Every structure is written in structure tokens, then in C-alpha cells.
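Chain A is the first sequence line, chain B the second, and so forth, proteins listed ahead of strands; every chain is numbered from 1.
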Amino acid sequence: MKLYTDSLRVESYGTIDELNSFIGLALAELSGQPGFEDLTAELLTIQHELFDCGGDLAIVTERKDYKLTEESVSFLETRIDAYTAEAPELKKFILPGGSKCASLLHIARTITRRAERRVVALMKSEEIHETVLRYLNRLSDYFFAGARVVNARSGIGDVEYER
Amino acid sequence: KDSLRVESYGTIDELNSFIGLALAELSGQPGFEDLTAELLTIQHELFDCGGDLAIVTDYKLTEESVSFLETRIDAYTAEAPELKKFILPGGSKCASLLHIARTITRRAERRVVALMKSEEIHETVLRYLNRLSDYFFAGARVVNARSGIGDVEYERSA
Amino acid sequence: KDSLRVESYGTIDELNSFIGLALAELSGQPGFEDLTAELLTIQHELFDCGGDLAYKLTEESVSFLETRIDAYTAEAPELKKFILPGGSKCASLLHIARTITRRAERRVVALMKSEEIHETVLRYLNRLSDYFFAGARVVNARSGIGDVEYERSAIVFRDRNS
């Protein structure tokens, strides 16, 4: 509604994989639309980065080999503020939806939060590449920021909760 | 704060999202003004559902929302041609999305169920979700009916 | 102990729903009449899987995917690099169906621990995930879109008008 600022291993890798697939669909949908060049580029960058998160959590078995970097988290952070600055200031709570593209991005937002829940469970039973966790944490808010920008740029207001 | 509660709020938000997509899609075709306004209301109620489960200290969801669903479930079940066999998820794109909403709703229900077992919750939420999956089943059928598409039945050919 | 069984049914149901959506988008375009028919039988067999966990599904359906996989694999240009989910909207949906098929797999696998069940459902789901992978590729090939590849350096080359 706003910006929030072992089997456990295979489950984390799996959900991140799933999350990556929904980002793919959002990429394919956003592609058929001009004016989202940076976003589509950013999205593709997320898929490679998420691909890395999987490896860091499962495949990789040496910290020296961890691929995901801290800069990827910072990048996500700067886009959130940038997309927020862009989008009109929101004084209301948001509901998932609006343009088709914004909807797919919100879906990716919730699946990202799901992937994060799964990673939090993995980190509780063993040591992981903590960068991954923070990356997923920032990632969902990025999709929130993105979806709002996608609606505005499409001329469609965000769906708001009014009760 | 507690996985079971957070897991339920998140699965409900996930559900709400897919509804957002189904609504975006449904809004592109005529003859679905009733379904459109409802999905929007459902999103608000789901918002309330989440909040009601997030509470750990009154509730927002009302028993009337559960009743409204049932009514619409009948109105739609009637409008649609009586079925005499098990139906498979699919048909038009809209109906396919509503069906997805149905399964995710079932998922959200399972999570709330597991939550309930560990602690007290606003039970109206567990009922709302239980009917919602049926509403989508009935909404998914109507959409195909309306679009003169037709529900995908379980026809051998394997 | 009993919750693991319902979770497996719902997940399979959820998986079947995304498949219907994939089919809805895929059938909309010509040249994929083969997949359109295949995905169908898949939903029927997946409908059986649920029942088998509450036996209609046979080992014959499992071998069906086998052939389809290699066929599409041969048909699609042999990949020489890691690919990411995506491409055409159809490949994207089929790729989604893939990750979800694997999610249903984990649920059934969990059902194993609590109590052994028809060891056929797993076999199918296990191959179904591979099927969608290949299916997604052949779809991107026939559309001349080309699967998304894991290549960071190729990103800077993307249009950045705004």
C-alpha cells in the first residue's frame, strides 16, 4: 500500500526462479509499449541479478564466489527514490492494479515479498549471502515505485483504497 | 512478527495483485461492468482482510461482504449454463485470470487456516476467502458464457 | 500430515490455471496448434494427478513429455548459454508455468515424507517442468524473438531513450 523502505534452500531458489519468470512476463508486456526503455533495461538487470541470488543461495558454496554485489542493492534504492520523485506524490494507500503493466509489476512485488519470506526462513537455519536478503527486501518496493510510475506514464491513476 | 500471520497477509496481497491484473483485463471488454465493480470492491475487502490479520492488539471486514459474495455466486451460477461435469481452468483470457485468482484465493485460505490453528483470528476473513474462491469459479464461468467462449471441460483424448 | 496433501492439490490446481492462461494467449496465435493440443491434455492429466492424491494418470503420459521435450529441444536452436525466463508473452507464460510446476513438485515431494503416494505424479511434474522449458524456447524460435540469455554485457546495448 506504500513504500516499506536443505529444503529451505531449494525453496528459496525455486521462489526466486518463479519471481524471475513473472518479471519476464512484465518485461514482455512492457516491451510492446514505448517510453519504458530504462525500466525494461532495469528489469532485465534484475533478472540477471536474481539469477545471481539463486546461485548465491544454492549453487555457490563459497563466499569468495558470491556474485550478487552490494551496488545492486544501492541501485534498487536510488531507483525507488527516483521513481517516487517522478510519480505524483501519493497521499493515499494503494491497491494492486491500474494498467496491465503496472498490475504485472505489483504481482512481481508480491512474489518478491514471498521470495524474501522464503529467504528469511533460510537465513534462520543457516548462513547465507545476506546481500541477497536486502536485495529482495528493496526489490519489492522497487516494483511498487515502478508500477506507480508505469501507471502515471500511461495516463492511468493508481488504484486507491477509499473506505 | 510470526511467520504464519505474515505469510497470510502476503499471500492475500499476492492474491489482491492477480485480481488487479484480472480487473485490468476485464476492464477492456464490455458486458462486465458488474464483475468489474465487484473485483474493485473485493480488492478493498482483501485490503481489510490483511489488516484484520495484521492486527495483534476492532476489525474492518464485515459479515455482509461474505453474504454479498454468495449472492453473486448464485446470480452467476444461475446465469451460466448448468454444468454436469468437472471444468478445467481456462477459456477466454479473462476467465483464465479469474481462475488463477481462484487458486491463489485457495492458497490464501490454506495459509489463513494454518494461521487460525496457531492463534485467534477474525474468522470472518477465513469465510470471506472460502466464498471468494467460489465467486471466482462462478465469475470465470460467466465470463466465458458472456464472451460466448465456453468452459473447457474434461474431455478424454489423451 | 494431512495438510501436505491439500497443499499439493491446490498447487497443482494453481499450476493448471496458469496453464489455461498460457493456452488462452497461445491459441490466440497461429503456428502453435501442436502446443495448443498438448497443453490441453496436460491440464486433463494434471486434473488426474490431484485425484490420484485424494489412479487415473499412467506412466504413459510421462513418456509423452519425454518425446515432446527432445523434439522441441532438437527443433529449438541448441543453447550454448544460460537463459532467463521470458521472451514472447507466450514463452513468458510457459516459463511461469515451469517454475510453478516445480513448486508443485516440491509440495508433492513433501507429501512423500508424510506418506508415500502414487509415485507417478512426481515423475510427470518432474518432466512437465522440463517440457515447459523446451516449449517456451520453441515458441520464441517460431516467433523469431529468441530466448532471453544471461548476458550482462549485452544490457548496455539496450535502448535508453528514457
Q. Looking only at heavy atoms, what is the nearest atom pair of C/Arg142 and C/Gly31, with distance?
A.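 Taking every non-hydrogen atom into account, NH1-O, 3.0 Å.
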
Q) Do C/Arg68 and C/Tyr72 meet the cation-pi criteria used here (NZ or CZ under 6.0 Å from the six-membered ring centre, within 45° of the axis)? A)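 Because its charged atom sits under 6.0 Å from the ring centre and within 45° of the axis, C/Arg68 does stack over C/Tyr72.
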
Q. Should C/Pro85 and A/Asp17 count as side-chain neighbours, where that means a heavy-atom distance under 4.5 Å?
A.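 Side chain of C/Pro85 against side chain of A/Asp17, heavy atoms only: contact under 4.5 Å found.
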
**Q.** A/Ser72-A/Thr69 side chain donor-acceptor pair, cut-off 3.5 Å
**A.**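 Short answer, yes.
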
Q. How about C/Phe18 and A/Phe22: are their ring centroids closer than 6.0 Å?
A.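 Ring centres of A/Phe22 and C/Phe18 closer than 6.0 Å.
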
Q) Under 6.0 Å between the ring centres of C/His95 and C/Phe132? A)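 Not close enough - the centres of the two rings lie 6.0 Å or further apart.
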
If I measure from the heavy atoms of chain A, does [X] come under 4.5 Å with its side chain, its backbone, both, or neither?
X        : value
C/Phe157 : neither
C/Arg158 : side chain
C/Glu25  : neither
C/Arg103 : side chain

**Q.** Part of A/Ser7 lying under 4.5 Å from any heavy atom of chain C
**A.**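 It is neither, since no heavy atom gets under 4.5 Å.
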
Q) Under a 4.5 Å heavy-atom cut-off, does chain C meet the side chain of A/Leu25, its backbone, both or neither? A)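 A/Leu25 touches chain C through backbone and side-chain heavy atoms alike.
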
Q) Using a cut-off of under 4.5 Å for heavy-atom pairs, which of C/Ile100, C/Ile145, C/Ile155, C/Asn161 has the most such pairs with chain A? A)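 Between C/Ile100, C/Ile145, C/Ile155, C/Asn161, the count favours C/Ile155.
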
